[PDB]
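What follows is a set of notes on a single structure, which appears directly below.
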Amino acid sequence: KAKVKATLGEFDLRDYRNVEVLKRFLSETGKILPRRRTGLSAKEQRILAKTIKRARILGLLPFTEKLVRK
Amino acid sequence: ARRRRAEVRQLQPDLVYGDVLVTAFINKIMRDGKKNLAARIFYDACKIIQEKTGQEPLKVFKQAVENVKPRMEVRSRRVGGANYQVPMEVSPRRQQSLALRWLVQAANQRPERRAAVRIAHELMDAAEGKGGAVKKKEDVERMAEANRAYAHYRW
Amino acid sequence: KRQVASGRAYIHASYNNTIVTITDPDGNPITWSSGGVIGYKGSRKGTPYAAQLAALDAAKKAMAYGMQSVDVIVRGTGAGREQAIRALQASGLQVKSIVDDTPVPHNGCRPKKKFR
RNA sequence: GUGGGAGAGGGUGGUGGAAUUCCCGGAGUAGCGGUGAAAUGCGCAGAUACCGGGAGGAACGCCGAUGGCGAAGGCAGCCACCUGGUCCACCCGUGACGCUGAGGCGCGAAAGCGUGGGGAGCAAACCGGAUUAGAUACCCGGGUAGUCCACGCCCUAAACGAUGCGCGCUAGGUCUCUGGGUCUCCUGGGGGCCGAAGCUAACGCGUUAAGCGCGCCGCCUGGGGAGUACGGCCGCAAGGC
Ligand SMILES: [Mg+2]
Ligand SMILES: [Mg+2]
Ligand SMILES: [Mg+2]
Ligand SMILES: [Mg+2]
Ligand SMILES: [Mg+2]
Ligand SMILES: [Mg+2]
Ligand SMILES: [Mg+2]
Ligand SMILES: [Mg+2]
Ligand SMILES: [Mg+2]
Ligand SMILES: [Mg+2]
Ligand SMILES: [Mg+2]
Ligand SMILES: [Mg+2]
Ligand SMILES: [Mg+2]
Ligand SMILES: [Mg+2]
Ligand SMILES: [Mg+2]
Ligand SMILES: [Mg+2]
Ligand SMILES: [Mg+2]
Ligand SMILES: [Mg+2]
Ligand SMILES: [Mg+2]
Ligand SMILES: [Mg+2]
Ligand SMILES: [Mg+2]
Ligand SMILES: [Mg+2]
Ligand SMILES: [Mg+2]
Ligand SMILES: [Mg+2]
Ligand SMILES: [Mg+2]
Ligand SMILES: [Mg+2]
Ligand SMILES: [Mg+2]
Ligand SMILES: [Mg+2]
Ligand SMILES: [Mg+2]
Ligand SMILES: [Mg+2]
Ligand SMILES: [Mg+2]
Ligand SMILES: [Mg+2]
Ligand SMILES: [Mg+2]
Ligand SMILES: [Mg+2]
Ligand SMILES: [Mg+2]
């Protein structure tokens with residue numbers, strides 16, 4: 001399986017407003033993806049988590065979602 | 001059978017029909033090791049069942065034993081306290097054994113004085129779809145479809 | 001007396017019971033059923049067979065209301081949490097989609113001693 | 001000193017969503033809940049389930065780790081402000097200004113105390129239901145103090161790495177966090193795991209020493225009696241030293 005960073009450009013990990021790329025790091029649900037599937041380093045993941053939370057509070061990213069086909 | 005599969009005994013064929021189920025039934029009629037008297041019982045019953053109804057005793061025997069074979073039963077399984085009655089299907093070999101045992105036990109629970117008469121009338125009733133052996137079989141099957149709420153305890 | 005023709009079906013399953021509420025596309029319920037609505041009384045209500053029978057009974061009441069297309073919502077976990085959906089699939093109601101919307105907190109409340 | 005860096009380090013104020021409870025409304029019947037089974041309990045004054053709205057308190061899912069920070073206790077949503085510690089590179093400045101530390105002083109989980117607030121969920125005591133030979137328990141239903149906040153006390157702990165602080169010396173290998181570098185790698189500084197020499201009664205320790213040394217502090221001297229008695233000091237008390 002592909003990790004998120006492997007298929008992505010040279011993007012800003014500190015931009016909470018770019019929903020297009022931050023959506024890639026959320027799961028099928030609103031959960032933040034683990035480092036196993038994001039292919040990020042510890043520092044990269046630590047920054048991404050805070051930017052994702054920022055985007056969430058601005059109503060740009062979903063706090064939680066609903067699972068399908070279950 | 002802790003180690004092996006306990007290979008099934010292959011009974012000898014029959015001297016009259018050449019069929020093995022007849023030998024099995026004759027063994028189920030035998031008591032105290034008298035296979036001669038049991039064979040005479042079964043064959044006088046064969047004559048009686050072929051005369052009182054003008055059909056071949058072969059296919060009537062086969063159809064009766066087929067009618068008595070059940071398709072489901074219950075076994076007790078210990079889960080969370082006292083055990084429960086869990087339904088399940090049956091092996092073909094066990095279906096054979098249970099059918100023959102119910103045949104003999106319902107035949108000897110009959111009123112008829114002579115043994116051969118009991119055997120013949122029991123086989124007739126079982127071949128028609130009624131009688132005591134088929135009643136016990138249908139009670140076994142009625143145990144299924146009843147406690148079917150335990151269908152998740154199959155094991 | 002409604003003729004709804006389409007709606008949602010919520011399956012709330014626990015380890016003590018399973019209940020199904022069939023509702024309309026804007027949230028109001030139409031019919032419902034559970035392991036106690038049908039004959040079972042005690043722990044028997046938590047078996048998957050009771051869940052199947054509850055789903056089937058609710059689906060037939062929905063037929064009485066005239067339900068054809070159904071969207072499924074699932075909350076909770078228990079025996080027959082899936083059997084309810086299987087019976088609901090084979091009940092005669094065309095299943096639109098299945099969704100698991102089990103409510104999970106973000107660690108706000110303190111559980112009972114049983115759950116820690 | 002300069003220039004960079006990581007962080008649930010602390011304080012203050014704000015703020016977000018999920019969930020529980022409660023209230024309003026809609027729609028909707030006959031049970032829900034609970035257990036190994038059950039019953040108390042709740043429900044026809046309409047519950048449970050579903051939908052919409054409102055209120056309030058507490059705690060921060062995924063990220064999250066075998067991770068990070070702190071002297072220890074301990075510290076996880078997000079934002080801003082105030083502030084501590086620490087690491088690295090440059091080789092710039094002072095020029096032994098150091099180490100330890102009886103007493104003192106400050107900090108110190110939880111529970112507990114006082115005054116005043118707050119109160120969803122949980123929940124000692126307590127009220128019931130079961131289970132059992134009995135049930136004063138485990139299991140179920142309720143439920144007060146408390147848990148939360150402000151301020152002032154309390155000074156305990158398996159307060160644990162059961163390993164005081166500092167410095168120097170003594171094979172490496174592997175995983176990792178965070179810096180710098182000419183960036184298969186090297187070089188610092190933290191977190192683990194194997195293992196040289198050596199140590200150990202053994203288990204085990206082994207550049208994060210329980211090894212080889214040095215300085216300073218604390219403590220030990222058979223078990224029970226007993227962390228008891230008396231005395232003193234501290235404390236509102238409980239009680240602590
Ligand atoms: Mg139940
Ligand atoms: Mg902090
Ligand atoms: Mg802070
Ligand atoms: Mg209402
Ligand atoms: Mg009532
Ligand atoms: Mg009542
Ligand atoms: Mg209130
Ligand atoms: Mg976790
Ligand atoms: Mg540290
Ligand atoms: Mg700082
Ligand atoms: Mg110089
Ligand atoms: Mg000089
Ligand atoms: Mg000092
Ligand atoms: Mg001192
Ligand atoms: Mg304290
Ligand atoms: Mg306290
Ligand atoms: Mg108080
Ligand atoms: Mg409670
Ligand atoms: Mg209780
Ligand atoms: Mg009692
Ligand atoms: Mg020493
Ligand atoms: Mg580098
Ligand atoms: Mg190191
Ligand atoms: Mg190492
Ligand atoms: Mg050695
Ligand atoms: Mg070792
Ligand atoms: Mg040392
Ligand atoms: Mg030693
Ligand atoms: Mg002492
Ligand atoms: Mg002594
Ligand atoms: Mg004491
Ligand atoms: Mg004295
Ligand atoms: Mg005293
Ligand atoms: Mg006094
Ligand atoms: Mg005491």
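Within each chain, counting starts at residue 1; across the structure tokens, chains are named A, B, ... in the order shown, with ligands numbered 1 upward in that order.
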
Let me see if you get this right: every residue at most 10 Å from ligand 9, counting only C-alpha atoms (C1' of nucleotides) and all ligand atoms, written as a list in words.
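Residues lying within 10 Å of ligand 9: residues 68, 69, 70, 71, 86, 190 and 191 of chain D.
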
Preceding selection exported with N, CA and C atoms (P, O5', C5', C4', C3', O3' and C1' of nucleotides) as a PDB file, in the first residue's frame:
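Below you can see again26.pdb, which holds the result:
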```pdb
ATOM      1  P     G D  68      12.030   9.583  24.715  1.00  0.00           P
ATOM      2  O5'   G D  68      11.353  11.023  24.711  1.00  0.00           O
ATOM      3  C5'   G D  68      11.569  11.926  23.636  1.00  0.00           C
ATOM      4  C4'   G D  68      10.770  13.187  23.821  1.00  0.00           C
ATOM      5  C3'   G D  68      11.057  13.960  25.097  1.00  0.00           C
ATOM      6  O3'   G D  68      12.209  14.776  24.995  1.00  0.00           O
ATOM      7  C1'   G D  68       8.728  13.725  24.842  1.00  0.00           C
ATOM      8  P     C D  69      13.189  14.938  26.256  1.00  0.00           P
ATOM      9  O5'   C D  69      12.406  15.933  27.218  1.00  0.00           O
ATOM     10  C5'   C D  69      11.966  17.197  26.746  1.00  0.00           C
ATOM     11  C4'   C D  69      11.135  17.909  27.779  1.00  0.00           C
ATOM     12  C3'   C D  69      11.673  17.874  29.197  1.00  0.00           C
ATOM     13  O3'   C D  69      12.731  18.786  29.420  1.00  0.00           O
ATOM     14  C1'   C D  69       9.375  17.370  29.231  1.00  0.00           C
ATOM     15  P     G D  70      13.941  18.375  30.394  1.00  0.00           P
ATOM     16  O5'   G D  70      13.325  18.544  31.852  1.00  0.00           O
ATOM     17  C5'   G D  70      12.694  19.757  32.230  1.00  0.00           C
ATOM     18  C4'   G D  70      11.907  19.605  33.504  1.00  0.00           C
ATOM     19  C3'   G D  70      12.638  18.970  34.669  1.00  0.00           C
ATOM     20  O3'   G D  70      13.543  19.852  35.304  1.00  0.00           O
ATOM     21  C1'   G D  70      10.472  18.051  34.508  1.00  0.00           C
ATOM     22  P     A D  71      15.060  19.387  35.557  1.00  0.00           P
ATOM     23  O5'   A D  71      14.902  18.108  36.495  1.00  0.00           O
ATOM     24  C5'   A D  71      16.030  17.511  37.118  1.00  0.00           C
ATOM     25  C4'   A D  71      15.713  17.089  38.530  1.00  0.00           C
ATOM     26  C3'   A D  71      14.395  16.359  38.723  1.00  0.00           C
ATOM     27  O3'   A D  71      14.481  14.985  38.399  1.00  0.00           O
ATOM     28  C1'   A D  71      14.622  18.037  40.373  1.00  0.00           C
ATOM     29  P     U D  86      19.706  24.561  33.038  1.00  0.00           P
ATOM     30  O5'   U D  86      19.690  23.597  31.769  1.00  0.00           O
ATOM     31  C5'   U D  86      19.418  22.211  31.915  1.00  0.00           C
ATOM     32  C4'   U D  86      19.004  21.578  30.611  1.00  0.00           C
ATOM     33  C3'   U D  86      20.006  21.673  29.479  1.00  0.00           C
ATOM     34  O3'   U D  86      21.041  20.717  29.600  1.00  0.00           O
ATOM     35  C1'   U D  86      17.841  22.174  28.668  1.00  0.00           C
ATOM     36  P     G D 190      23.300  13.620  28.295  1.00  0.00           P
ATOM     37  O5'   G D 190      21.773  13.386  27.920  1.00  0.00           O
ATOM     38  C5'   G D 190      21.077  12.236  28.368  1.00  0.00           C
ATOM     39  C4'   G D 190      19.638  12.273  27.925  1.00  0.00           C
ATOM     40  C3'   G D 190      18.904  10.943  27.963  1.00  0.00           C
ATOM     41  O3'   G D 190      18.423  10.616  29.254  1.00  0.00           O
ATOM     42  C1'   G D 190      18.552  11.958  25.870  1.00  0.00           C
ATOM     43  P     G D 191      18.508   9.102  29.782  1.00  0.00           P
ATOM     44  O5'   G D 191      17.422   8.334  28.905  1.00  0.00           O
ATOM     45  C5'   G D 191      16.071   8.767  28.891  1.00  0.00           C
ATOM     46  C4'   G D 191      15.248   8.008  27.882  1.00  0.00           C
ATOM     47  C3'   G D 191      15.303   6.494  27.980  1.00  0.00           C
ATOM     48  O3'   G D 191      14.468   5.982  29.005  1.00  0.00           O
ATOM     49  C1'   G D 191      15.503   7.160  25.716  1.00  0.00           C
TER      50        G D 191
END
```

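For chain A, the residues within 8 Å of chain C are residues 66, 67, 68, 69 and 70 of chain A, with only C-alpha atoms used to measure distance.
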
For residue 107 of chain D, please output as a PDB file with C-alpha atoms (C1' of nucleotides), in the first residue's frame all residues within 12 Å (counting only C-alpha atoms (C1' of nucleotides); exclusion window: fewer than 2 positions along the same chain).
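Produced file out-v4.pdb, reproduced below:
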```pdb
ATOM      1  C1'   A D  71      14.622  18.037  40.373  1.00  0.00           C
ATOM      2  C1'   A D  72      10.797  14.971  42.233  1.00  0.00           C
ATOM      3  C1'   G D  73       5.495  14.754  42.852  1.00  0.00           C
ATOM      4  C1'   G D  74       4.093  14.777  38.155  1.00  0.00           C
ATOM      5  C1'   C D 105      13.770  27.282  53.579  1.00  0.00           C
ATOM      6  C1'   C D 155       4.020  16.586  54.392  1.00  0.00           C
TER       7        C D 155
END
```

Hey, list the chain D side of the contact with chain C: 7 Å cut-off, only C-alpha atoms (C1' of nucleotides), answer as a ChimeraX atom specification.
/D:18-20,27-28,31,49-51,58-61,121-122

Compute the set of chain B residues within 9 Å of chain D, using only C-alpha atoms (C1' of nucleotides), and express it as JSON, numbers by chain.
{"B": [80, 81, 82]}

Could you list, as a ChimeraX atom specification, all the residues within 8 Å of ligand 7, counting only C-alpha atoms (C1' of nucleotides) and all ligand atoms?
/D:22,55-57,119-120

Please produce a file of those selected residues containing C-alpha atoms (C1' of nucleotides), as a PDB file, in the first residue's frame.
```pdb
ATOM      1  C1'   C D  22     -31.064  16.764  32.329  1.00  0.00           C
ATOM      2  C1'   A D  55     -28.682  23.872  29.586  1.00  0.00           C
ATOM      3  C1'   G D  56     -24.665  22.406  32.571  1.00  0.00           C
ATOM      4  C1'   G D  57     -20.290  19.956  34.493  1.00  0.00           C
ATOM      5  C1'   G D 119     -22.021  19.340  40.781  1.00  0.00           C
ATOM      6  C1'   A D 120     -22.893  16.127  34.530  1.00  0.00           C
TER       7        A D 120
END
```

Can you work out which residues from chain B touch chain C at a cut-off of 10 Å (counting only C-alpha atoms) and hand them back as a list in words?
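Residues of chain B within 10 Å of chain C, counting only C-alpha atoms: residues 148, 149, 150, 151 and 152 of chain B.
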
Would you mind exporting N, CA and C atoms of the selected residues as an mmCIF file, in the first residue's frame?
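As a result, selection-v2.cif now contains:
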```cif
data_model
loop_
_atom_site.group_PDB
_atom_site.id
_atom_site.type_symbol
_atom_site.label_atom_id
_atom_site.label_comp_id
_atom_site.auth_asym_id
_atom_site.auth_seq_id
_atom_site.Cartn_x
_atom_site.Cartn_y
_atom_site.Cartn_z
ATOM 1 N N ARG B 148 -33.420 -23.854 18.167
ATOM 2 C CA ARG B 148 -32.593 -23.292 17.109
ATOM 3 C C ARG B 148 -32.011 -21.943 17.491
ATOM 4 N N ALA B 149 -32.523 -21.313 18.554
ATOM 5 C CA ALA B 149 -31.948 -20.071 19.058
ATOM 6 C C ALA B 149 -30.498 -20.234 19.495
ATOM 7 N N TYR B 150 -30.037 -21.470 19.687
ATOM 8 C CA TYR B 150 -28.650 -21.764 20.012
ATOM 9 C C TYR B 150 -27.839 -22.129 18.776
ATOM 10 N N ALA B 151 -28.293 -21.702 17.593
ATOM 11 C CA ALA B 151 -27.619 -22.037 16.342
ATOM 12 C C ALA B 151 -26.221 -21.441 16.241
ATOM 13 N N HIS B 152 -25.826 -20.585 17.179
ATOM 14 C CA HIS B 152 -24.479 -20.036 17.225
ATOM 15 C C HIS B 152 -23.556 -20.827 18.143
#
```

Please extract the residues of chain A with a backbone DSSP assignment of helix (DSSP H, G or I) and present them as an NGL selection string.
:A and (19-25 or 35-38 or 42-57)

Return the neighbours of chain D among the residues of chain A, cut-off 7 Å, counting only C-alpha atoms (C1' of nucleotides), as number ranges by chain.
A: 31-32, 34, 49, 53-54, 57, 63

Counting only C-alpha atoms (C1' of nucleotides) and all ligand atoms, what residues are within 8 Å of ligand 15, given as a PyMOL selection string?
chain D and resi 108-109+154-156

Need the shell around residue 1 of chain D: protein/DNA/RNA residues with any atom at most 12 Å away, counting only C-alpha atoms (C1' of nucleotides). Skip same-chain ones fewer than 5 positions apart. Format as JSON, numbers by chain?
{"D": [90, 91, 92, 93, 94]}

Atom-to-atom span, atom CA of residue 108 of chain B and atom CA of residue 8 of chain B, Å
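Interatomic distance, atom CA of residue 108 of chain B to atom CA of residue 8 of chain B: 27.2 Å.
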
Site check for ligand 30: residues at most 9 Å away, only C-alpha atoms (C1' of nucleotides) and all ligand atoms, as a PyMOL selection string:
chain D and resi 222-225

Using C-alpha atoms (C1' of nucleotides), can you write the selected residues to a file as a PDB file, in the first residue's frame?
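Written out: out-v5.pdb:
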```pdb
ATOM      1  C1'   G D 222      19.070 -10.615  64.061  1.00  0.00           C
ATOM      2  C1'   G D 223      13.331 -11.384  64.218  1.00  0.00           C
ATOM      3  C1'   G D 224       8.923 -10.293  67.198  1.00  0.00           C
ATOM      4  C1'   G D 225       7.606  -6.545  70.493  1.00  0.00           C
TER       5        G D 225
END
```

Which residues are close to residue 128 of chain B, i.e. within 9 Å by only C-alpha atoms (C1' of nucleotides), leaving aside same-chain residues fewer than 5 positions away? Reply as a PyMOL selection string.
chain B and resi 60+63-64+67+123

Excluding segment 235-241 of chain D and any residue of its chain fewer than 4 positions from it, enumerate the residues within 12 Å of it, using only C-alpha atoms (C1' of nucleotides), and give them as a count of residues only.
10

Running DSSP on the backbone, which parts of chain A land in strand (DSSP E or B), as a ChimeraX atom specification?
/A:26,32,67-68

Could the residues in this selection be written to a file with N, CA and C atoms, as a PDB file, in the first residue's frame?
```pdb
ATOM      1  N   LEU A  26      -6.192  12.324   6.715  1.00  0.00           N
ATOM      2  CA  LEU A  26      -7.267  11.770   7.521  1.00  0.00           C
ATOM      3  C   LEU A  26      -7.682  10.409   6.974  1.00  0.00           C
ATOM      4  N   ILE A  32      -6.932  10.886  12.585  1.00  0.00           N
ATOM      5  CA  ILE A  32      -5.615  11.135  12.011  1.00  0.00           C
ATOM      6  C   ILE A  32      -4.915   9.807  11.758  1.00  0.00           C
ATOM      7  N   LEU A  67     -18.550   5.371   9.320  1.00  0.00           N
ATOM      8  CA  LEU A  67     -18.003   4.236   8.592  1.00  0.00           C
ATOM      9  C   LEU A  67     -19.078   3.620   7.701  1.00  0.00           C
ATOM     10  N   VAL A  68     -18.664   3.162   6.520  1.00  0.00           N
ATOM     11  CA  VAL A  68     -19.571   2.627   5.512  1.00  0.00           C
ATOM     12  C   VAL A  68     -19.354   1.123   5.379  1.00  0.00           C
TER      13      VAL A  68
END
```

Would you name the residues within 10 Å of ligand 20, counting only C-alpha atoms (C1' of nucleotides) and all ligand atoms, and put them as a ChimeraX atom specification?
/D:128-132,134-135
